[PDB]
Amino acid sequence: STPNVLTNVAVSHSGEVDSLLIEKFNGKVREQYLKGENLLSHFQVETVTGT
Amino acid sequence: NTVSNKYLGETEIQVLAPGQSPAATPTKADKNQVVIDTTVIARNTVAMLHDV
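So the sequence lines, in the order shown, correspond to chains E and A. Residues in the first sequence are numbered consecutively from 2, following the deposited numbering. Residues in the second sequence are numbered consecutively from 53, following the deposited numbering.
#1: Leaving out five residues before and five after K80(A) in sequence, what residues of the same chain have Cβ atoms less than 7 Å from its Cβ?
#2: Among all the DSSP beta bridges, which residues are the ones paired with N84(A)?
#3: Output needed in chain order: residues of the segment 55-73 of chain A with a Cβ under 9 Å from some Cβ in chain E.
#4: Whose Cβ in chain A lies nearer than 9 Å to the Cβ of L7(E)?
#5: For my contact list, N53(A) and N84(A) are in at a C-beta cut-off of 8 Å; report their separation, rounded to the angstrom.
#6: Using CA coordinates, which residue listed in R31(E), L41(E), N27(E) and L22(E) is at the minimum distance from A11(E)?
#7: Could you pull out every residue in the same chain whose Cβ sits closer than 6 Å to the Cβ of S20(E), ignoring the five residues on either side in sequence?
#8: Between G71(A) and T3(E), how many whole angstroms is the CB-CB distance? I'm expecting something under 8 Å.
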């Protein structure tokens, strides 16, 4: 009626590891969304080197 | 003298474990009918002499 003995391949015979699957990676990495305001452009900014 | 119609219902969904046959779910049905039993008329008579 029912098989009841499945030839499952994802189960390790020894039992050391939970699963034999490899956990594929989709190729996406995320950082924050912060963006530069660029606010110093308005002001006059001189460079001081000697003093 | 009558006209009928039928309506069908839902079907249920359920989880399955691998390697088994899940139980079925029934679907109900019903009917609706209309009858026709009465007629209406309007009649008028005109005499020949009164018509001419």
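Cβ atoms here follow ideal geometry from the backbone N, Cα and C, with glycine treated the same way.
Taking the definition as stated:
#1: By one-based count along the second sequence, residue 80(A) stands at place 28. Counting only Cβ-Cβ distances below 7 Å, and skipping sequence neighbours, we find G61.
#2: One-based indexing of the second sequence puts residue 84(A) at position 32. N57(A).
#3: So the close ones are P70, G71, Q72 and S73.
#4: In the first sequence, residue 7(E) corresponds to position 6, counting from 1. Identification of chain A residues near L7(E) by a Cβ-Cβ cut-off of 9 Å yields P70 and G71, ordered along the chain.
#5: Residue mapping note: residue 53(A) aligns to position 1 of the second sequence, counting from 1. Residue mapping note: residue 84(A) aligns to position 32 of the second sequence, counting from 1. Their Cβ separation, rounded to whole angstroms, is 16 Å, which puts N53(A) and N84(A) out of contact at 8 Å.
#6: In the first sequence, the residue the question calls residue 11(E) occupies position 10. Answer by Cα proximity: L22(E).
#7: Looking up residue 20(E) in the first sequence gives position 19. Contacts found: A11.
#8: Here residue 71(A) refers to the residue found at position 19 of the second sequence. Here residue 3(E) refers to the residue found at position 2 of the first sequence. Yes, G71(A) and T3(E) are in contact; Cβ-Cβ is about 6 Å, under 8 Å.
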